[PDB]
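S.K.: Pasting run_8.tsv below, which is TSV, C-alpha atoms.
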chain	number	residue	atom	x	y	z
V	1	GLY	CA	0.00	0.00	0.00
V	2	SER	CA	1.68	3.16	-1.27
V	3	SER	CA	0.14	6.07	-3.18
V	4	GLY	CA	0.95	9.70	-3.95
V	5	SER	CA	-0.97	12.79	-2.86
V	6	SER	CA	1.26	15.58	-4.15
V	7	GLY	CA	2.12	16.10	-7.81
V	8	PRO	CA	5.46	17.03	-9.41
V	9	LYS	CA	5.65	20.34	-11.27
V	10	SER	CA	8.39	21.14	-13.79
V	11	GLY	CA	8.31	24.41	-15.71
V	12	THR	CA	10.56	27.06	-14.19
V	13	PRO	CA	13.97	28.49	-15.18
V	14	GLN	CA	16.26	27.17	-12.44
V	15	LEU	CA	19.30	24.97	-11.79
V	16	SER	CA	19.25	21.23	-12.47
V	17	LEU	CA	21.07	18.04	-11.48
V	18	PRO	CA	23.61	16.86	-11.69
V	19	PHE	CA	24.73	20.26	-10.40
V	20	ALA	CA	28.49	20.72	-10.78
V	21	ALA	CA	29.74	24.28	-10.30
V	22	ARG	CA	32.59	26.08	-8.54
V	23	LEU	CA	32.45	29.07	-6.20
V	24	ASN	CA	34.18	32.33	-7.14
V	25	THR	CA	36.32	31.76	-4.04
V	26	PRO	CA	37.39	28.72	-1.98
V	27	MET	CA	35.08	28.11	0.97
V	28	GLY	CA	36.19	27.00	4.43
V	29	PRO	CA	35.89	27.96	8.11
V	30	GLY	CA	33.42	30.65	9.14
V	31	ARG	CA	31.66	30.25	5.80
V	32	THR	CA	28.11	28.93	5.56
V	33	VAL	CA	26.92	26.96	2.54
V	34	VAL	CA	23.17	26.32	2.44
V	35	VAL	CA	21.17	24.28	-0.06
V	36	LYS	CA	17.56	25.31	-0.67
V	37	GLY	CA	15.51	22.81	-2.66
V	38	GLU	CA	12.57	20.41	-2.67
V	39	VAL	CA	12.26	16.62	-2.74
V	40	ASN	CA	10.14	14.85	-5.35
V	41	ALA	CA	6.99	12.92	-4.43
V	42	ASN	CA	8.48	9.80	-6.01
V	43	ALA	CA	12.11	10.64	-5.25
V	44	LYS	CA	14.27	7.62	-4.45
V	45	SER	CA	17.20	9.37	-2.78
V	46	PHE	CA	19.61	12.29	-3.20
V	47	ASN	CA	23.24	13.04	-2.33
V	48	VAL	CA	25.67	15.94	-2.00
V	49	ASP	CA	29.29	15.45	-3.04
V	50	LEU	CA	31.50	18.28	-1.78
V	51	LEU	CA	35.02	18.18	-3.22
V	52	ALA	CA	37.86	20.65	-3.79
V	53	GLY	CA	38.34	21.41	-7.48
V	54	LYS	CA	41.99	21.90	-6.52
V	55	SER	CA	42.63	18.18	-6.09
V	56	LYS	CA	39.13	16.92	-6.90
V	57	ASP	CA	39.13	15.46	-3.39
V	58	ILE	CA	35.77	14.84	-1.72
V	59	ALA	CA	36.05	16.37	1.75
V	60	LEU	CA	32.49	15.46	2.75
V	61	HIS	CA	29.94	13.14	1.14
V	62	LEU	CA	26.47	13.14	2.72
V	63	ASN	CA	24.04	10.88	0.85
V	64	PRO	CA	20.64	10.62	2.60
V	65	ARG	CA	18.06	7.89	2.00
V	66	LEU	CA	14.26	7.82	2.13
V	67	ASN	CA	13.44	4.25	1.11
V	68	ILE	CA	14.94	2.68	4.23
V	69	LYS	CA	15.36	6.08	5.87
V	70	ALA	CA	19.08	5.73	6.57
V	71	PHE	CA	21.47	8.69	6.63
V	72	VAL	CA	24.93	7.99	5.20
V	73	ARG	CA	27.94	10.21	5.90
V	74	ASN	CA	31.41	9.43	4.56
V	75	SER	CA	34.40	10.98	2.79
V	76	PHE	CA	36.48	10.04	-0.25
V	77	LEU	CA	40.19	10.83	0.01
V	78	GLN	CA	43.04	9.46	-2.10
V	79	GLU	CA	40.56	7.44	-4.15
V	80	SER	CA	39.47	5.63	-0.98
V	81	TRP	CA	36.17	5.45	0.90
V	82	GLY	CA	36.19	5.69	4.69
V	83	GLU	CA	33.62	3.96	6.88
V	84	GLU	CA	29.94	4.53	6.13
V	85	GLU	CA	27.81	4.60	9.28
V	86	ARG	CA	24.05	4.63	9.90
V	87	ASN	CA	22.27	5.88	13.02
V	88	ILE	CA	19.70	8.66	13.33
V	89	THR	CA	17.05	9.43	15.94
V	90	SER	CA	14.69	10.36	13.10
V	91	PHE	CA	14.61	11.06	9.36
V	92	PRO	CA	13.31	14.56	8.55
V	93	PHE	CA	13.81	14.33	4.78
V	94	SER	CA	10.46	13.70	3.08
V	95	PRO	CA	9.28	13.18	-0.52
V	96	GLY	CA	7.60	16.32	-1.83
V	97	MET	CA	8.71	18.71	0.91
V	98	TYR	CA	10.96	21.74	1.39
V	99	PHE	CA	14.27	20.81	3.01
V	100	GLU	CA	17.17	23.18	3.71
V	101	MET	CA	20.68	21.91	4.44
V	102	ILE	CA	22.94	24.35	6.29
V	103	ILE	CA	26.68	23.67	6.16
V	104	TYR	CA	28.61	25.70	8.73
V	105	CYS	CA	32.35	25.46	9.38
V	106	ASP	CA	33.62	26.11	12.90
V	107	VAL	CA	37.17	24.97	12.14
V	108	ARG	CA	36.44	21.97	14.36
V	109	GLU	CA	34.06	19.75	12.38
V	110	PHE	CA	31.58	19.65	9.50
V	111	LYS	CA	28.10	20.47	10.82
V	112	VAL	CA	24.95	19.74	8.81
V	113	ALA	CA	21.41	20.57	9.92
V	114	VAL	CA	18.12	20.21	8.05
V	115	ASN	CA	15.33	22.77	8.36
V	116	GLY	CA	17.15	24.15	11.38
V	117	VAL	CA	17.08	20.79	13.13
V	118	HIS	CA	20.51	19.37	13.97
V	119	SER	CA	20.70	15.74	12.82
V	120	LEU	CA	24.26	14.42	12.73
V	121	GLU	CA	27.84	15.72	12.84
V	122	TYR	CA	31.06	14.82	11.03
V	123	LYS	CA	34.53	15.85	12.20
V	124	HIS	CA	36.60	17.83	9.70
V	125	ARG	CA	38.11	14.85	7.87
V	126	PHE	CA	39.71	17.21	5.35
V	127	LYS	CA	42.57	19.28	6.75
V	128	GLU	CA	42.69	21.91	4.01
V	129	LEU	CA	39.39	23.74	4.50
V	130	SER	CA	40.38	26.62	2.23
V	131	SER	CA	40.57	24.12	-0.64
V	132	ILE	CA	36.90	23.30	-1.19
V	133	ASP	CA	35.85	25.29	-4.25
V	134	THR	CA	33.77	22.92	-6.37
V	135	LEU	CA	30.28	21.95	-5.21
V	136	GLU	CA	28.82	18.79	-6.72
V	137	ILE	CA	25.20	17.79	-6.09
V	138	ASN	CA	23.24	14.88	-7.56
V	139	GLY	CA	20.12	12.84	-6.83
V	140	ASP	CA	16.39	12.74	-7.51
V	141	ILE	CA	15.61	16.12	-5.96
V	142	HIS	CA	14.84	19.60	-7.29
V	143	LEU	CA	17.46	22.28	-6.67
V	144	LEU	CA	15.99	25.77	-6.29
V	145	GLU	CA	19.04	27.86	-5.42
V	146	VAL	CA	22.28	27.70	-3.43
V	147	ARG	CA	23.25	30.49	-1.03
V	148	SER	CA	26.57	31.15	0.71
V	149	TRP	CA	27.06	33.82	3.37
V	150	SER	CA	29.47	34.32	6.26
V	151	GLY	CA	26.74	34.22	8.89
V	152	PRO	CA	26.91	36.67	11.82
V	153	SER	CA	26.25	35.87	15.48
V	154	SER	CA	23.12	37.48	16.91
V	155	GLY	CA	21.59	36.34	20.19
Could you spell out this file's structure in structure tokens?

M.R.:
Amino acid sequence: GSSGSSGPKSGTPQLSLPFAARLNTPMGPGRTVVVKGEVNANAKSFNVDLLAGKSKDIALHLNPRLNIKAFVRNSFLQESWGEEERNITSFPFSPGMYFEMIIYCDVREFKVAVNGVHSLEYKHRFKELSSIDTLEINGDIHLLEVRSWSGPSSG
């Protein structure tokens, strides 16, 4: 038993996957890279490959999953895959919804929260943070627009 309530709509001038573009300048600590988009009603699963055009080295590779609802977080360095883990208190990602991934760098680890709801963390596997320049994104989701701002501290 599985049906669909929402319907997919395609007819607007915007980005598309696979999305492979580089940032005017190399990102790193203090910087905040967010990804505003929307999942498809019948979307299998998406993924975000963040590498450094410099040495095409994937510093962080977060590939979520809806089917089984398992979040995967690993890195690819020196043409080698680390250890993929799986353990989340809950899976926010949903088919046909608006999800926002915020990537903040505190020079201590790679943080990633969805819709302003911390999910999981991943230490800064990549030493050179000022190397990441190319942002690769693929999957069965719809990319609206990608923003990148320093991000002040108000509270």

S.K.: Excluding residue 4 in chain V and residues on its chain fewer than 4 positions from it, collect all residues at most 10 Å away from it, counting all atoms listed in the file, and give them as a PyMOL selection string.

M.R.: chain V and resi 41-42+95-96

S.K.: Between CA of residue 136 in chain V and CA of residue 90 in chain V, what is the distance in Å, rounded to a tenth?

M.R.: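 Going from CA of residue 136 in chain V over to CA of residue 90 in chain V covers 25.8 Å.
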
S.K.: Please list as a list in words every residue within 7 Å of residue 37 in chain V, counting all atoms listed in the file and excluding residues in the same chain fewer than 6 positions away.

M.R.: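 Once the adjacent positions are removed, what remains is residues 98, 99, 100, 142, 143, 144 and 145 of chain V.
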
S.K.: Between V:32, V:51, V:149, V:56, single out the one closest to residue 111 in chain V, counting only C-alpha atoms.

M.R.: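 Answer, going by the shortest atom-to-atom distance: V:32.
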
S.K.: Please report the interatomic distance between CA of residue 110 in chain V and CA of residue 84 in chain V in Å with one decimal.

M.R.: 15.6 Å

S.K.: Have a look at V:106, V:49, V:57, V:83 and name the one nearest to residue 150 in chain V; count all atoms listed in the file.

M.R.: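 Closest candidate: V:106.
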
S.K.: Counting all atoms listed in the file, which residue out of V:22, V:73, V:147, V:108 sits closest to residue 47 in chain V?

M.R.: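 Comparing V:22, V:73, V:147, V:108 against residue 47 in chain V, the winner is V:73.
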
S.K.: Taking (22.3, 24.4, -9.3) as a centre in this file's frame and 10 Å as the limit, can you find every polymer residue with an atom that close, using all atoms listed in the file, and give them as a ChimeraX atom specification?

M.R.: /V:14-21,35-37,135-138,142-146

S.K.: What is the CA of residue 85 in chain V to CA of residue 127 in chain V distance in Å?

M.R.: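 Separation between CA of residue 85 in chain V and CA of residue 127 in chain V: 21.0 Å.
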
S.K.: Name all residues at most 12 Å from residue 24 in chain V (count all atoms listed in the file; drop same-chain ones fewer than 6 positions away) and give them as a count of residues only.

M.R.: 6

S.K.: Within 10 Å of residue 62 in chain V, counting all atoms listed in the file, which residues show up once you throw out same-chain ones fewer than 3 positions away? Write them as a PDB file with C-alpha atoms, keeping the file's coordinate frame, please.

M.R.:
ATOM      1  CA  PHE V  46      19.610  12.290  -3.200  1.00  0.00           C
ATOM      2  CA  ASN V  47      23.240  13.040  -2.330  1.00  0.00           C
ATOM      3  CA  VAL V  48      25.670  15.940  -2.000  1.00  0.00           C
ATOM      4  CA  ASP V  49      29.290  15.450  -3.040  1.00  0.00           C
ATOM      5  CA  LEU V  50      31.500  18.280  -1.780  1.00  0.00           C
ATOM      6  CA  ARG V  65      18.060   7.890   2.000  1.00  0.00           C
ATOM      7  CA  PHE V  71      21.470   8.690   6.630  1.00  0.00           C
ATOM      8  CA  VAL V  72      24.930   7.990   5.200  1.00  0.00           C
ATOM      9  CA  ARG V  73      27.940  10.210   5.900  1.00  0.00           C
ATOM     10  CA  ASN V  74      31.410   9.430   4.560  1.00  0.00           C
ATOM     11  CA  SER V  75      34.400  10.980   2.790  1.00  0.00           C
ATOM     12  CA  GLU V  84      29.940   4.530   6.130  1.00  0.00           C
ATOM     13  CA  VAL V 112      24.950  19.740   8.810  1.00  0.00           C
ATOM     14  CA  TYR V 122      31.060  14.820  11.030  1.00  0.00           C
TER      15      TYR V 122
END

S.K.: For each of V:151, V:82, V:8, V:64, take the minimum atom-to-atom distance to residue 102 in chain V, counting all atoms listed in the file, then give the residue where this is smallest.

M.R.: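 Between V:151, V:82, V:8, V:64, the residue approaching residue 102 in chain V most closely is V:151.
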
S.K.: Could you tell me which of V:70, V:107, V:33, V:27 comes closest to residue 91 in chain V if we count all atoms listed in the file?

M.R.: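 That would be V:70, the residue with the smallest distance to residue 91 in chain V.
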
S.K.: Select, from V:131, V:153, V:31, V:117, the residue with the minimum atom-to-atom distance to residue 58 in chain V, counting all atoms listed in the file.

M.R.: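 Of all the options, V:131 lies closest to residue 58 in chain V.
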
S.K.: Output, as JSON, the centre and edge lengths in Å (one decimal) of the axis-aligned box that contains all listed atoms of range 42-46 of chain V with 8 Å of margin on each side.

M.R.:
{"center_x": 14.0, "center_y": 10.0, "center_z": -4.4, "size_x": 27.1, "size_y": 20.7, "size_z": 19.2}
